[PDB]
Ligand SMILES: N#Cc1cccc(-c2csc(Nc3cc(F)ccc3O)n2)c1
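Heads up, the chain below is alone and in the form deposited without the ligand; it's given as structure tokens.
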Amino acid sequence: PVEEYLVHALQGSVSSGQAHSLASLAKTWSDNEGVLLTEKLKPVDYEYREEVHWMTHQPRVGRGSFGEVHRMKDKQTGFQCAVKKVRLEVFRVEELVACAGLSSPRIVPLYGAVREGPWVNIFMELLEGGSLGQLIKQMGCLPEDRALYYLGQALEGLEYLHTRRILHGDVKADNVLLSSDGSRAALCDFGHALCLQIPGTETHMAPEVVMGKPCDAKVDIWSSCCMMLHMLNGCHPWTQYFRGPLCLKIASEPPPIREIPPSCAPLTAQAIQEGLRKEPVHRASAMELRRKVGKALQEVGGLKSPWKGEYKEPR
């Protein structure tokens, strides 16, 4: 109830504050208010309004599944970052509560969040390498060493989250952002996150999700391995082989391990198989798989292939 009391001073205002304060306010989001977490983004006279205090790039172009992620610039500081626009009516408290206060090089830094009208604007570091999703499309598919390298980094992000009892909930290439030189990958977008003790991408769904079973951190591991397949093949699993209601096929069919490219090294194939066990209790954890994937990268000679480089044909 004292938490409830402190939230009142925050309501109706945009302030520069700390992560815990943003999390507490976000709990009330189920007309301009919020907390900005970096001095690079500054409120003006209790406000932070779109096209007034911050502006989106040029004519508005987006990234993300819904074209909801934009480049933006603080008009006062000149600082450039990314904004994810979320509809207030659909906003999930966990999108901010699960990630406010996190600190890991494997998770994209949260810069703040501001409600304005029917919008929750979530601000974060702009990673100028773009998304791993964009990279797969741009390059066709990724060589084995680079795919293992990014899976490894995603799994390190997952270790950090799972230890803290946070389920990401939608691990996929679109949700992995890259530094300008491609050397650093970080998890982003906690829209589907859950605090342990709402559907992610269907192709990446674990059998226990589709079957309505109780879910734990292992769901992120299955999804990360569907992302691995996406990286190697240039397409999602279940894209070929099945052409109807997809959720049923995930439940009834063997894991999509037949999509592992034959040319992959044995430990790569082994790692993907352990992450794609249908029963969660049999599936590798984030730590186990991260060690296996790190070893697999070493087994193919470490990271050698070019950042960008040459278009490789999708399967």
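Residue numbers run from 1 along the displayed sequence. Shifts are known only where both forms have a C-alpha. Here, rigid core means the biggest group of C-alpha atoms that superpose within 1.5 Å across both forms.
Another form, the form deposited with the ligand bound, is not on view; read the next lines as being about it.
Contact check for residue 134: a non-hydrogen atom falls within 4.5 Å of the ligand in the deposited complex.
Although the partner is absent here, residue 223 sits far enough away that none of its heavy atoms falls within 4.5 Å of the ligand in the deposited complex.
In the deposited complex, the ligand lies farther than 4.5 Å from every heavy atom of residue 248. Within this chain, residue 162 is remote from the site of the ligand in the deposited complex, having no heavy atom within 4.5 Å. Segments offered: 143-151, 237-245, 169-177, 204-212. Contacting the ligand in the deposited complex at heavy atom distances within 4.5 Å is 169-177.
Comment: the ligand is not present in this chain, but in the deposited complex one of 286, 69, 36, 260 has a heavy atom within 4.5 Å of it, namely 69. Site annotation in the deposited complex: the residue of 127, 139, 194, 217 reaching within 4.5 Å of the ligand with a heavy atom is 127.
Within 4.5 Å of the ligand in the deposited complex, a heavy atom is found for all three of 61, 64 and 189. Taking a Cα shift of 2 Å or more after superposition on the rigid core as the cut-off, the single stretch of three or more consecutive residues that moves between the shown form and the other one is 58-67.
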